[PDB]
Amino acid sequence: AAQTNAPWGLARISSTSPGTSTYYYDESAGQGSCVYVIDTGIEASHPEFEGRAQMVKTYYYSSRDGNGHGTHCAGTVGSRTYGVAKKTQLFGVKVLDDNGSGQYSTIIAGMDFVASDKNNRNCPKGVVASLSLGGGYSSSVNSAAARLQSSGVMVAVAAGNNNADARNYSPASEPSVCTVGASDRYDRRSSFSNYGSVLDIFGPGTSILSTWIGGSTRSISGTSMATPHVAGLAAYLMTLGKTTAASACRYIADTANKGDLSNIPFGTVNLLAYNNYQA
């Protein structure tokens, strides 16, 4: 399949070169997989989700996305126009308040929620979780993300927007999950992107167009926006039967565009997510 005039990040993940604007992908498009977006919530009524998104858990007075962040990320995972996996199912977990912050204990309880709730859903092609959030180092936030991965869910988490080593952040520093940096349209590391040996992959993160609350759209930047590109890709690759939840981050890194990014500090991987689709 081919989507003309796609957002630059979608076109990049199916190209060996920057500067294109068409996204190519197998038409299975993630059918039969599920992605949890653990964030500020999802505006499920957005016409871009086509009835494939819904809220399943909130820790606040409303499960509504009064912020926009959670909606933006969920659109990069699986909205018809801005999504990687255009036929996957989206499950919203609201662990951040409408100001975009949340306690660590609420974030941990959301992660344990998904590790059990996938047993209440139909996902015969596999389960992905996208965690567009983070803060300071916490061994108990790291361990919650390890448990979720171990339960059979591919976990993708943001490196962080501090322009520092991601070792001092959680759950970016958990080694068994998939830590995602951010790149821009000229194949440069985003100026805000964290780095380090803990990073596993880079995704498109600067000026990413996607859904917004009120049925709108806008373009924002962050390792929070590279993370749903990889999360959607994993759901796409598991539908095609090319990998499982336990080895999706490893598979994505093996099949990635190698040595194409600039301003990657020594000791950090130089890998850009790539769907390897031959139309």
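Residues numbered from 1 in each chain as written, not as in the entry; some residues may be left out. Heavy atoms only, no water.

Method of structure determination, per the deposited record: electron crystallography was used for this entry, reaching 2.10 Å resolution.

The protein chain carries the name Proteinase K in the PDB entry, which gives Parengyodontium album as its organism. Listed in the archive, the entry goes by the title "MicroED structure of proteinase K from a 320 nm thick lamella measured at 300 kV". As stated in UniProt under Function, the record for the protein chain gives "Hydrolyzes keratin at aromatic and hydrophobic residues." Here the protein chain is described in UniProt, under the heading Catalytic activity, as follows: "Hydrolysis of keratin, and of other proteins with subtilisin-like specificity. Hydrolyzes peptide amides." (UniProt positions renumbered as here; feature names shortened; annotations may be inferred.)

Caption draft 1: Fine view of the pattern of salt bridges. In total, this model carries eight salt bridges according to the counting rule given. With a closest N to O distance of 3.1 Å, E48 and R80 form a salt bridge. One end of the pair, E48, is in the loop between strand 3 (34–39) and strand 4 (53–58); the other, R80, is in the loop between helix 2 (69–78) and strand 5 (89–94), and 32 residues separate them in sequence. Looking at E48, the relative accessible area reads 8%, which means it is buried. The shortest N-O distance in the salt bridge between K94 and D98 comes to 3.0 Å. Classification of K94 as buried rests on a relative accessible area of 2%. (Salt bridge = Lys/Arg side-chain N within 4 Å of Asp/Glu carboxyl O. Helix = DSSP H or I, 4+ residues; strand = E, 2+ residues; numbered from the N terminus. Buried < 20%, exposed > 50% of the residue type's maximum accessible area, 1.4 Å probe, protein only.)

Caption draft 2: Representation of helix 3 (residues 104–117) in the model. The terminal C-alpha atoms of helix 3 lie 20 Å apart, and with 14 residues this matches the ideal 20 Å at 1.5 Å per residue to within 8%. Within helix 3, the full set of buried residues consists of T106, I107, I108, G110, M111, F113, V114, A115 and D117. Looking at the packing, one finds that the buried side of helix 3 touches strand 3, strand 4, strand 5, strand 6 (127–131) and helix 4 (139–150). (Expected span 1.5 Å × (residues − 1). Contact = heavy atoms within 4.5 Å.)

Caption draft 3: Molecular detail of the packing of aromatic side chains. Counted by the stated rule, this structure contains two aromatic pairs. Centre to centre, the rings of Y36 and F91 are 5.1 Å apart; their planes meet at 50°, and the pair counts as tilted. You can see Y36 sitting in strand 3 and its partner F91 sitting in strand 5, a full 55 residues away along the chain. With respect to burial, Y36 and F91 carry one shared label: buried. Here the basic side chain of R121 rests over the ring of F91, its NZ or CZ set 5.4 Å away from the ring centre. (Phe/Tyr/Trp six-rings, centres within 6.5 Å; stacked < 30°, edge-to-face > 60°. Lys NZ or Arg CZ within 6 Å of the ring centre and 35° of its normal.)

Caption draft 4: Structural detail: the nonpolar core. The biggest cluster of nonpolar side chains holds 45 residues, and the ones touching the most others in it are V128, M154, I201 and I252. At the level of elements, helix 1 (8–13), strand 3, helix 2, strand 8 (153–158), strand 10 (178–183), helix 5 (223–239) and helix 6 (248–254) are the ones that each hand at least two residues to this core. Considering every element that reaches this core, the biggest residue donor is helix 5, with 10 residues. Here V128 is in contact with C34, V35, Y36, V153, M154, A231, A234, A235 and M238, once residues within four sequence places are set aside. Listed in part, the 27 residues of the second largest apolar core include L96, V114, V153 and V155. (Core = buried A, V, L, I, M, F, W, Y, C linked by side-chain atoms within 4.5 Å.)

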